[PDB]
Amino acid sequence: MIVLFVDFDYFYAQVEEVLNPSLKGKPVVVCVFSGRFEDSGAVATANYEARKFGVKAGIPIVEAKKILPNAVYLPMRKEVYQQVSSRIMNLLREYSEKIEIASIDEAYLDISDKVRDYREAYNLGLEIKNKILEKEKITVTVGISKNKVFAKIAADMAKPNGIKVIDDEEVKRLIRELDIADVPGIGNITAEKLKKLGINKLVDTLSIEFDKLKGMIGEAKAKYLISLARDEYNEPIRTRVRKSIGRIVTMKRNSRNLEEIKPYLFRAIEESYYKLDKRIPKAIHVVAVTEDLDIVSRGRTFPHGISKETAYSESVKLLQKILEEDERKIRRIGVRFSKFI
DNA sequence: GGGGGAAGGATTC
DNA sequence: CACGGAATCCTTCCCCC
Ligand SMILES: Nc1nc2c(ncn2[C@H]2C[C@H](O)[C@@H](COP(=O)(O)OP(=O)(O)OP(=O)(O)O)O2)c(=O)[nH]1
Ligand SMILES: [Ca+2]
Ligand SMILES: [Ca+2]
Ligand SMILES: [Ca+2]
């Protein structure tokens, strides 16, 4: 099997440069301003001129202007990035039918057919790299390997804007050398539970009795790591379909008053229905982020679609169920719609 | 002992 | 001080073969 992985570099920031070329070369930071105060918010991402100094996705904007006071700080523009992404995804459909769009800027191309070996695949990468760069002025990193996880690992290793092929030969040396933490799907939490069991490398998952492993990280992830270890992992490339849709806004002041939160909740519902773009949801979830950033939610599934009024009246109930069952103050509030008819 | 759903939470990118 | 959107899992609970 030959799976090619494409990943747009520092995407949001790089799109911002495309829409305004005079930004090339300068440190750029795409932000999400909460409106809780002067420059309150977080960093969605930044180009590399700013990533070298520590600025990066996740960190606050206040903590970012301390390091790079003169960087260009732009507000996030989802809508736009969504379009640009889509245009680029449609260019990839030109190279294969078996394509999986894993996120706004990840994509896996299945080319087991149209290729014989990695050298006949390497060129295919450049044909795509130097094609998106041309049609859309956007730079990307290509990862090539026997399967998805390794196609993905390849890309991680060649960024920014590059291309690395990981063939059957090397895959074997990585199942040994490679640090388990850098394996797609092993966050800081899973990466720790594993050190605790002496599994610092992919190959070490064979020296532990499965059951002891199924208790520590759940069965799904256990079979997962193992498959990779015994080099027999080969998940197909299916077309993932949207299952839920939502919006979570941040409030100006962390509160608990029902009438103070309702407005935000509604504004979230309005946008949620807009995005629903003529899709009827059977399930509604009211999610909230407590004062200590813990995420709490309550929801309900109906036996029929949820009209907008239903949505309004039902979300106010699920909310009270949170302010009741929980006592902490609420920072961010939002909704999620799922189980589409 | 299941199937099978639903609900609330964990964890990853 | 740290936004935002969605997917896959896990555990528990429930009704009832
Ligand atoms: N709002 C928000 N968006 C994020 C966050 N992290 C990642 N994203 C979004 C914006 C990124 O452009 C997009 C896709 O790429 P990544 O997620 O890989 O970020 P980036 O483009 O820097 O990837 P790269 O490190 O270059 O491989 O995901 C985050 O913490 N908050
Ligand atoms: Ca990226
Ligand atoms: Ca990525
Ligand atoms: Ca990792």
# chains A, B, ... in the order shown; residues from 1 in each chain; ligands from 1

call {"tool": "interface_residues", "arguments": {"of": "chain A", "to": "chain C", "cutoff": "6 Å", "atoms": "only C-alpha atoms (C1' of nucleotides)", "output": "list in words"}}
result
residues 32, 42, 59 and 60 of chain A

call {"tool": "write_last_selection", "arguments": {"atoms": "N, CA, C and O atoms", "output": "CSV table (one decimal), in the first residue's frame"}}
result
chain,number,residue,atom,x,y,z
A,32,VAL,N,-7.1,34.9,18.4
A,32,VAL,CA,-8.5,34.7,18.7
A,32,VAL,C,-8.7,35.6,20.0
A,32,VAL,O,-8.3,35.2,21.1
A,42,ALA,N,-5.8,34.1,22.6
A,42,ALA,CA,-4.8,33.0,22.5
A,42,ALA,C,-4.3,33.0,21.0
A,42,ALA,O,-4.8,33.7,20.1
A,59,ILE,N,-0.5,29.3,23.4
A,59,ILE,CA,-0.1,30.3,24.3
A,59,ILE,C,-0.9,31.6,24.2
A,59,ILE,O,-1.5,31.9,23.2
A,60,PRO,N,-1.1,32.3,25.3
A,60,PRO,CA,-1.8,33.5,25.3
A,60,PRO,C,-1.2,34.6,24.5
A,60,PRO,O,0.0,34.5,24.1

call {"tool": "residues_near_ligand", "arguments": {"ligand": "ligand 2", "cutoff": "6 Å", "atoms": "only C-alpha atoms (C1' of nucleotides) and all ligand atoms", "output": "PyMOL selection string"}}
result
chain A and resi 7-11

call {"tool": "residues_near_ligand", "arguments": {"ligand": "ligand 3", "cutoff": "12 Å", "atoms": "only C-alpha atoms (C1' of nucleotides) and all ligand atoms", "output": "compact mmCIF listing (two decimals) with N, CA, C and O atoms (P, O5', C5', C4', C3', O3' and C1' of nucleotides), in the first residue's frame"}}
result
# COMPACT_ATOMS: atom_id res chain seq x y z
N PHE A 5 0.65 11.64 2.38
CA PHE A 5 0.03 12.60 3.29
C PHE A 5 0.45 14.03 3.00
O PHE A 5 1.64 14.32 2.91
N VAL A 6 -0.52 14.92 2.88
CA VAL A 6 -0.26 16.33 2.60
C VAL A 6 -0.67 17.19 3.78
O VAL A 6 -1.75 16.99 4.34
N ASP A 7 0.15 18.18 4.13
CA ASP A 7 -0.15 19.03 5.28
C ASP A 7 0.28 20.49 5.08
O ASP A 7 1.46 20.81 5.17
N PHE A 8 -0.68 21.39 4.83
CA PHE A 8 -0.39 22.81 4.59
C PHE A 8 0.38 23.45 5.74
O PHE A 8 -0.06 23.41 6.88
N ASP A 9 1.50 24.09 5.44
CA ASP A 9 2.33 24.69 6.49
C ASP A 9 1.78 25.94 7.18
O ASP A 9 1.25 26.82 6.51
N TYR A 10 1.95 26.00 8.50
CA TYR A 10 1.46 27.11 9.33
C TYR A 10 0.27 27.77 8.62
O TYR A 10 0.17 28.99 8.51
N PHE A 11 -0.65 26.91 8.20
CA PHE A 11 -1.81 27.31 7.44
C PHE A 11 -2.50 28.65 7.66
O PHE A 11 -2.49 29.47 6.75
N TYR A 12 -3.14 28.88 8.80
CA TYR A 12 -3.85 30.15 8.96
C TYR A 12 -2.94 31.35 8.72
O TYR A 12 -3.33 32.33 8.08
N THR A 45 -2.15 30.27 15.78
CA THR A 45 -0.93 29.84 15.11
C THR A 45 -0.07 31.03 14.66
O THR A 45 -0.48 32.19 14.73
N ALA A 57 0.80 28.05 18.67
CA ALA A 57 -0.59 27.75 18.99
C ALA A 57 -0.78 27.35 20.45
O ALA A 57 0.00 26.57 20.99
N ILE A 101 -10.09 13.48 4.04
CA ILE A 101 -9.82 14.84 4.52
C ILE A 101 -9.95 14.80 6.05
O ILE A 101 -11.04 14.96 6.59
N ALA A 102 -8.81 14.61 6.72
CA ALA A 102 -8.76 14.48 8.18
C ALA A 102 -8.96 15.74 9.02
O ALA A 102 -9.27 15.65 10.21
N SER A 103 -8.77 16.91 8.41
CA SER A 103 -8.96 18.17 9.11
C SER A 103 -8.83 19.30 8.11
O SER A 103 -8.62 19.06 6.93
N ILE A 104 -8.96 20.54 8.58
CA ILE A 104 -8.91 21.70 7.69
C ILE A 104 -7.67 21.82 6.82
O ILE A 104 -7.67 22.61 5.88
N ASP A 105 -6.63 21.05 7.12
CA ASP A 105 -5.40 21.17 6.35
C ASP A 105 -4.62 19.86 6.29
O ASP A 105 -3.43 19.86 5.96
N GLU A 106 -5.25 18.76 6.66
CA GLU A 106 -4.57 17.48 6.58
C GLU A 106 -5.34 16.78 5.50
O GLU A 106 -6.49 17.12 5.23
N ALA A 107 -4.72 15.81 4.86
CA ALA A 107 -5.39 15.06 3.82
C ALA A 107 -4.51 13.89 3.50
O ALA A 107 -3.30 14.02 3.52
N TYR A 108 -5.12 12.75 3.22
CA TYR A 108 -4.34 11.58 2.88
C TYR A 108 -4.72 11.13 1.50
O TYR A 108 -5.90 10.92 1.22
N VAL A 140 3.29 23.40 1.15
CA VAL A 140 2.91 22.19 1.87
C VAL A 140 4.04 21.18 2.09
O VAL A 140 5.07 21.22 1.43
N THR A 141 3.84 20.27 3.03
CA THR A 141 4.82 19.23 3.33
C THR A 141 4.19 17.90 3.00
O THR A 141 3.05 17.65 3.36
N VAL A 142 4.92 17.04 2.31
CA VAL A 142 4.39 15.75 1.91
C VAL A 142 5.10 14.61 2.63
O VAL A 142 6.32 14.59 2.71
N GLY A 143 4.31 13.67 3.15
CA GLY A 143 4.89 12.53 3.83
C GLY A 143 4.47 11.29 3.06
O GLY A 143 3.31 11.17 2.67
N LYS A 152 1.99 10.09 7.85
CA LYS A 152 1.85 11.21 8.78
C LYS A 152 3.17 11.52 9.50
O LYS A 152 3.55 12.67 9.63
N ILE A 153 3.85 10.48 9.97
CA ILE A 153 5.12 10.67 10.68
C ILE A 153 6.16 11.27 9.75
O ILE A 153 7.00 12.07 10.17
N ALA A 154 6.10 10.87 8.48
CA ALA A 154 7.03 11.38 7.47
C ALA A 154 6.88 12.90 7.40
O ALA A 154 7.86 13.64 7.52
N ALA A 155 5.65 13.37 7.20
CA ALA A 155 5.36 14.79 7.12
C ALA A 155 5.89 15.53 8.34
O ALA A 155 6.56 16.55 8.19
N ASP A 156 5.60 15.03 9.54
CA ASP A 156 6.08 15.68 10.76
C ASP A 156 7.59 15.89 10.70
O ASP A 156 8.11 16.92 11.12
N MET A 157 8.30 14.90 10.16
CA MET A 157 9.75 14.98 10.05
C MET A 157 10.30 15.93 8.97
O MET A 157 11.40 16.44 9.11
N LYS A 159 8.77 18.91 7.89
CA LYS A 159 8.27 20.29 7.95
C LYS A 159 9.28 21.31 8.46
O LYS A 159 10.13 20.99 9.30
N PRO A 160 9.18 22.57 8.00
CA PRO A 160 8.19 23.09 7.04
C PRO A 160 8.52 22.94 5.55
O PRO A 160 9.67 22.81 5.16
N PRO A 184 1.47 9.64 16.12
CA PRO A 184 0.13 10.24 16.00
C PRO A 184 -0.92 9.61 16.91
O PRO A 184 -1.24 8.44 16.78
P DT B 12 -3.86 12.41 25.01
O5' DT B 12 -4.07 12.70 23.44
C5' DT B 12 -4.45 11.65 22.58
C4' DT B 12 -4.73 12.18 21.17
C3' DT B 12 -3.73 13.25 20.74
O3' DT B 12 -3.13 12.91 19.49
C1' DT B 12 -6.00 14.00 20.44
P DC B 13 -1.91 13.80 18.93
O5' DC B 13 -2.65 14.72 17.83
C5' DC B 13 -3.33 14.11 16.73
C4' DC B 13 -4.04 15.15 15.87
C3' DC B 13 -3.17 16.34 15.44
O3' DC B 13 -3.52 16.82 14.12
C1' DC B 13 -5.08 17.11 16.55

call {"tool": "atom_distance", "arguments": {"atom1": "atom CA of residue A:110", "atom2": "atom CA of residue A:97"}}
result
7.8 Å

call {"tool": "residues_around", "arguments": {"residues": "residue A:259", "least_positions_apart": "3", "cutoff": "12 Å", "atoms": "only C-alpha atoms (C1' of nucleotides)", "output": "PDB file with N, CA, C and O atoms, in the first residue's frame"}}
result
ATOM      1  N   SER A 255     -19.318  33.842  34.940  1.00  0.00           N
ATOM      2  CA  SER A 255     -20.512  33.960  35.771  1.00  0.00           C
ATOM      3  C   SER A 255     -21.282  32.670  36.017  1.00  0.00           C
ATOM      4  O   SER A 255     -20.866  31.587  35.605  1.00  0.00           O
ATOM      5  N   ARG A 256     -22.417  32.822  36.701  1.00  0.00           N
ATOM      6  CA  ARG A 256     -23.309  31.724  37.034  1.00  0.00           C
ATOM      7  C   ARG A 256     -24.761  32.135  36.860  1.00  0.00           C
ATOM      8  O   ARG A 256     -25.650  31.296  36.931  1.00  0.00           O
ATOM      9  N   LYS A 262     -27.432  33.363  29.123  1.00  0.00           N
ATOM     10  CA  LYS A 262     -28.351  33.076  28.033  1.00  0.00           C
ATOM     11  C   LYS A 262     -28.017  33.752  26.698  1.00  0.00           C
ATOM     12  O   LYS A 262     -27.997  33.091  25.659  1.00  0.00           O
ATOM     13  N   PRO A 263     -27.741  35.068  26.705  1.00  0.00           N
ATOM     14  CA  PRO A 263     -27.405  35.792  25.470  1.00  0.00           C
ATOM     15  C   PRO A 263     -26.287  35.119  24.665  1.00  0.00           C
ATOM     16  O   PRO A 263     -26.404  34.942  23.461  1.00  0.00           O
ATOM     17  N   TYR A 264     -25.206  34.755  25.343  1.00  0.00           N
ATOM     18  CA  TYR A 264     -24.062  34.096  24.714  1.00  0.00           C
ATOM     19  C   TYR A 264     -24.510  32.780  24.118  1.00  0.00           C
ATOM     20  O   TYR A 264     -24.209  32.457  22.971  1.00  0.00           O
ATOM     21  N   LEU A 265     -25.230  32.018  24.928  1.00  0.00           N
ATOM     22  CA  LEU A 265     -25.753  30.725  24.526  1.00  0.00           C
ATOM     23  C   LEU A 265     -26.572  30.852  23.242  1.00  0.00           C
ATOM     24  O   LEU A 265     -26.443  30.032  22.334  1.00  0.00           O
ATOM     25  N   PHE A 266     -27.418  31.878  23.165  1.00  0.00           N
ATOM     26  CA  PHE A 266     -28.236  32.069  21.984  1.00  0.00           C
ATOM     27  C   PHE A 266     -27.383  32.430  20.798  1.00  0.00           C
ATOM     28  O   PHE A 266     -27.536  31.844  19.726  1.00  0.00           O
ATOM     29  N   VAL A 316     -31.781  26.072  27.170  1.00  0.00           N
ATOM     30  CA  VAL A 316     -31.903  26.773  28.440  1.00  0.00           C
ATOM     31  C   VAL A 316     -32.139  25.761  29.563  1.00  0.00           C
ATOM     32  O   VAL A 316     -31.821  26.024  30.716  1.00  0.00           O
ATOM     33  N   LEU A 319     -28.817  23.920  30.289  1.00  0.00           N
ATOM     34  CA  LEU A 319     -27.928  24.867  30.952  1.00  0.00           C
ATOM     35  C   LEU A 319     -28.175  24.852  32.455  1.00  0.00           C
ATOM     36  O   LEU A 319     -27.244  24.712  33.254  1.00  0.00           O
ATOM     37  N   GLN A 320     -29.445  24.997  32.832  1.00  0.00           N
ATOM     38  CA  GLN A 320     -29.823  25.000  34.234  1.00  0.00           C
ATOM     39  C   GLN A 320     -29.403  23.686  34.875  1.00  0.00           C
ATOM     40  O   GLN A 320     -29.072  23.637  36.065  1.00  0.00           O
ATOM     41  N   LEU A 323     -25.776  24.417  35.812  1.00  0.00           N
ATOM     42  CA  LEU A 323     -25.647  25.342  36.936  1.00  0.00           C
ATOM     43  C   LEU A 323     -26.181  24.711  38.209  1.00  0.00           C
ATOM     44  O   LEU A 323     -25.872  25.154  39.313  1.00  0.00           O
TER      45      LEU A 323
END

call {"tool": "atom_distance", "arguments": {"atom1": "atom CA of residue A:301", "atom2": "atom CA of residue A:328"}}
result
25.7 Å

call {"tool": "residues_near_ligand", "arguments": {"ligand": "ligand 4", "cutoff": "10 Å", "atoms": "only C-alpha atoms (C1' of nucleotides) and all ligand atoms", "output": "mmCIF file with C-alpha atoms (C1' of nucleotides), in the first residue's frame"}}
result
data_model
loop_
_atom_site.group_PDB
_atom_site.id
_atom_site.type_symbol
_atom_site.label_atom_id
_atom_site.label_comp_id
_atom_site.auth_asym_id
_atom_site.auth_seq_id
_atom_site.Cartn_x
_atom_site.Cartn_y
_atom_site.Cartn_z
ATOM 1 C CA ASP A 179 10.065 7.723 20.562
ATOM 2 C CA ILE A 180 6.533 6.500 21.239
ATOM 3 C CA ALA A 181 5.461 10.075 22.103
ATOM 4 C CA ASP A 182 5.935 11.264 18.521
ATOM 5 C CA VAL A 183 3.435 8.661 17.260
ATOM 6 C CA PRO A 184 0.127 10.236 16.001
ATOM 7 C CA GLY A 185 -2.477 9.869 18.742
ATOM 8 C CA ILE A 186 -0.272 9.917 21.855
ATOM 9 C CA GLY A 187 -0.796 13.186 23.698
ATOM 10 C CA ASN A 188 1.039 14.230 26.826
ATOM 11 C CA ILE A 189 -1.472 12.197 28.881
ATOM 12 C CA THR A 190 -1.117 8.943 26.939
ATOM 13 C CA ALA A 191 2.624 9.547 26.561
ATOM 14 C "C1'" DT B 12 -6.001 14.001 20.440
ATOM 15 C "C1'" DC B 13 -5.078 17.114 16.552
#

call {"tool": "interface_residues", "arguments": {"of": "chain B", "to": "chain A", "cutoff": "9 Å", "atoms": "only C-alpha atoms (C1' of nucleotides)", "output": "number ranges by chain"}}
result
B: 6-9, 11-13

call {"tool": "write_last_selection", "arguments": {"atoms": "C-alpha atoms (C1' of nucleotides)", "output": "tab-separated table (two decimals), in the first residue's frame"}}
result
chain	number	residue	atom	x	y	z
B	6	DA	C1'	-27.80	7.18	25.54
B	7	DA	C1'	-25.34	10.15	28.50
B	8	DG	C1'	-21.20	12.32	30.59
B	9	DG	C1'	-16.40	12.52	30.25
B	11	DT	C1'	-8.00	12.68	25.00
B	12	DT	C1'	-6.00	14.00	20.44
B	13	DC	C1'	-5.08	17.11	16.55

call {"tool": "residues_around", "arguments": {"residues": "stretch 196-201 of chain A", "least_positions_apart": "3", "cutoff": "9 Å", "atoms": "only C-alpha atoms (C1' of nucleotides)", "output": "JSON, numbers by chain"}}
result
{"A": [174, 175, 176, 177, 178, 179, 180, 181, 191, 192, 193, 204, 205, 207, 208, 213, 216]}

call {"tool": "select_by_dssp", "arguments": {"residues": "stretch 8-189 of chain A", "states": "strand (DSSP E or B)", "output": "MDAnalysis selection string"}}
result
chainID A and resid 8 28:33 41:46 60 72:75 99:103 106:110 140:145 163:166 179

call {"tool": "atom_distance", "arguments": {"atom1": "atom CA of residue A:294", "atom2": "atom CA of residue A:254"}}
result
13.3 Å

call {"tool": "residues_around", "arguments": {"residues": "stretch 115-121 of chain A", "least_positions_apart": "2", "cutoff": "8 Å", "atoms": "only C-alpha atoms (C1' of nucleotides)", "output": "PyMOL selection string"}}
result
chain A and resi 2+111-113+123-125+144+165+167

call {"tool": "write_last_selection", "arguments": {"atoms": "C-alpha atoms", "output": "mmCIF file, in the first residue's frame"}}
result
data_model
loop_
_atom_site.group_PDB
_atom_site.id
_atom_site.type_symbol
_atom_site.label_atom_id
_atom_site.label_comp_id
_atom_site.auth_asym_id
_atom_site.auth_seq_id
_atom_site.Cartn_x
_atom_site.Cartn_y
_atom_site.Cartn_z
ATOM 1 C CA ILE A 2 1.174 3.546 -0.723
ATOM 2 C CA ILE A 111 -2.025 6.114 -4.551
ATOM 3 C CA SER A 112 -1.346 2.385 -4.205
ATOM 4 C CA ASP A 113 -2.822 2.193 -7.705
ATOM 5 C CA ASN A 123 7.860 12.598 -8.168
ATOM 6 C CA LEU A 124 4.111 12.450 -7.722
ATOM 7 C CA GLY A 125 4.568 14.411 -4.514
ATOM 8 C CA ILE A 144 5.121 9.163 2.080
ATOM 9 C CA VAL A 165 9.651 9.143 1.989
ATOM 10 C CA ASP A 167 9.894 3.066 3.036
#

call {"tool": "select_by_dssp", "arguments": {"residues": "stretch 51-270 of chain A", "states": "helix (DSSP H, G or I)", "output": "ChimeraX atom specification"}}
result
/A:51,78-92,119-136,148-158,168-174,180-182,188-195,202-206,210-216,218-229,258-270

call {"tool": "decode", "arguments": {"residues": "chain C", "atoms": "N, CA, C and O atoms (P, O5', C5', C4', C3', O3' and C1' of nucleotides)", "output": "tab-separated table (two decimals), in the first residue's frame"}}
result
chain	number	residue	atom	x	y	z
C	1	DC	P	-7.18	34.18	33.93
C	1	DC	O5'	-6.23	35.43	33.48
C	1	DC	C5'	-4.79	35.33	33.53
C	1	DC	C4'	-4.20	35.52	32.13
C	1	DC	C3'	-4.80	34.59	31.08
C	1	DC	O3'	-4.88	35.25	29.82
C	1	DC	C1'	-2.49	34.04	31.43
C	2	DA	P	-6.27	35.23	29.00
C	2	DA	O5'	-6.52	33.66	28.72
C	2	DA	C5'	-5.45	32.80	28.34
C	2	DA	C4'	-5.91	31.77	27.31
C	2	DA	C3'	-6.98	30.82	27.83
C	2	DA	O3'	-7.85	30.46	26.75
C	2	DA	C1'	-5.02	29.59	27.32
C	3	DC	P	-9.42	30.78	26.85
C	3	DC	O5'	-9.86	30.98	25.32
C	3	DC	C5'	-9.78	32.25	24.68
C	3	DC	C4'	-10.08	32.13	23.19
C	3	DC	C3'	-11.36	31.36	22.86
C	3	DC	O3'	-12.04	31.97	21.77
C	3	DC	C1'	-9.50	30.26	21.87
C	4	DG	P	-13.55	31.54	21.43
C	4	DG	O5'	-13.36	30.31	20.42
C	4	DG	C5'	-12.69	30.49	19.18
C	4	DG	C4'	-12.55	29.15	18.46
C	4	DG	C3'	-13.77	28.27	18.67
C	4	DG	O3'	-14.27	27.77	17.43
C	4	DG	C1'	-11.81	27.03	19.08
C	5	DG	P	-15.62	26.93	17.41
C	5	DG	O5'	-15.81	26.57	15.85
C	5	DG	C5'	-14.70	26.16	15.06
C	5	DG	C4'	-14.59	24.63	14.99
C	5	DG	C3'	-15.85	23.85	15.34
C	5	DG	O3'	-15.99	22.85	14.33
C	5	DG	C1'	-14.03	22.89	16.43
C	6	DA	P	-17.43	22.27	13.98
C	6	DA	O5'	-17.13	20.69	14.03
C	6	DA	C5'	-16.11	20.17	13.22
C	6	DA	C4'	-15.48	18.91	13.83
C	6	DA	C3'	-16.48	17.86	14.29
C	6	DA	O3'	-16.10	16.61	13.70
C	6	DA	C1'	-14.77	18.14	15.86
C	7	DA	P	-17.11	15.38	13.73
C	7	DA	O5'	-16.11	14.13	13.56
C	7	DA	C5'	-14.78	14.32	13.10
C	7	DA	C4'	-13.88	13.29	13.78
C	7	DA	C3'	-14.71	12.09	14.21
C	7	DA	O3'	-14.10	10.84	13.87
C	7	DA	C1'	-13.58	13.00	16.09
C	8	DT	P	-14.94	9.49	14.07
C	8	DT	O5'	-14.00	8.67	15.08
C	8	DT	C5'	-12.60	8.86	15.06
C	8	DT	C4'	-12.02	8.33	16.37
C	8	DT	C3'	-12.74	7.06	16.83
C	8	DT	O3'	-11.78	6.12	17.31
C	8	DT	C1'	-12.88	8.72	18.51
C	9	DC	P	-12.16	4.55	17.41
C	9	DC	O5'	-12.20	4.31	19.00
C	9	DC	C5'	-12.48	5.40	19.87
C	9	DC	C4'	-11.77	5.26	21.21
C	9	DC	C3'	-12.35	4.13	22.05
C	9	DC	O3'	-11.36	3.52	22.87
C	9	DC	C1'	-13.07	6.27	22.90
C	10	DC	P	-11.76	2.27	23.81
C	10	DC	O5'	-12.31	2.99	25.14
C	10	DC	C5'	-11.48	3.88	25.88
C	10	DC	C4'	-12.13	4.19	27.23
C	10	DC	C3'	-12.89	2.98	27.76
C	10	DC	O3'	-12.64	2.73	29.15
C	10	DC	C1'	-14.36	4.86	27.59
C	11	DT	P	-13.17	1.37	29.83
C	11	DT	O5'	-13.94	1.93	31.13
C	11	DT	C5'	-13.71	3.26	31.57
C	11	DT	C4'	-14.96	3.81	32.25
C	11	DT	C3'	-15.81	2.70	32.86
C	11	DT	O3'	-16.18	3.02	34.20
C	11	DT	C1'	-17.15	4.02	31.40
C	12	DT	P	-17.03	1.95	35.06
C	12	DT	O5'	-18.51	2.57	35.02
C	12	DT	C5'	-18.70	3.94	35.27
C	12	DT	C4'	-20.18	4.30	35.13
C	12	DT	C3'	-21.10	3.22	35.69
C	12	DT	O3'	-22.06	3.82	36.56
C	12	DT	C1'	-21.66	3.71	33.42
C	13	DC	P	-23.31	2.96	37.09
C	13	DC	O5'	-24.35	3.15	35.89
C	13	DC	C5'	-24.60	4.45	35.39
C	13	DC	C4'	-25.99	4.51	34.75
C	13	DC	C3'	-26.94	3.49	35.36
C	13	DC	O3'	-28.21	4.08	35.59
C	13	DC	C1'	-26.62	3.05	33.01
C	14	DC	P	-29.46	3.16	36.02
C	14	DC	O5'	-30.08	2.76	34.59
C	14	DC	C5'	-30.37	3.77	33.62
C	14	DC	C4'	-31.20	3.19	32.48
C	14	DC	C3'	-32.10	2.06	32.95
C	14	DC	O3'	-33.43	2.20	32.45
C	14	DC	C1'	-30.73	1.30	31.15
C	15	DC	P	-34.60	1.35	33.12
C	15	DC	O5'	-35.24	0.59	31.85
C	15	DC	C5'	-35.30	1.23	30.59
C	15	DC	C4'	-35.42	0.19	29.48
C	15	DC	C3'	-36.25	-1.02	29.93
C	15	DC	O3'	-37.24	-1.34	28.95
C	15	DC	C1'	-34.15	-1.74	29.09
C	16	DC	P	-38.35	-2.47	29.27
C	16	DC	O5'	-37.67	-3.77	28.62
C	16	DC	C5'	-37.06	-3.68	27.33
C	16	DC	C4'	-36.31	-4.96	26.97
C	16	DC	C3'	-36.99	-6.23	27.49
C	16	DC	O3'	-36.97	-7.25	26.50
C	16	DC	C1'	-34.76	-6.24	28.13
C	17	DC	P	-38.27	-8.17	26.28
C	17	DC	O5'	-37.94	-8.95	24.91
C	17	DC	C5'	-37.32	-10.23	24.91
C	17	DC	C4'	-35.91	-10.15	24.31
C	17	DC	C3'	-35.33	-11.51	23.90
C	17	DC	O3'	-34.52	-11.35	22.72
C	17	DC	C1'	-33.89	-10.50	25.45
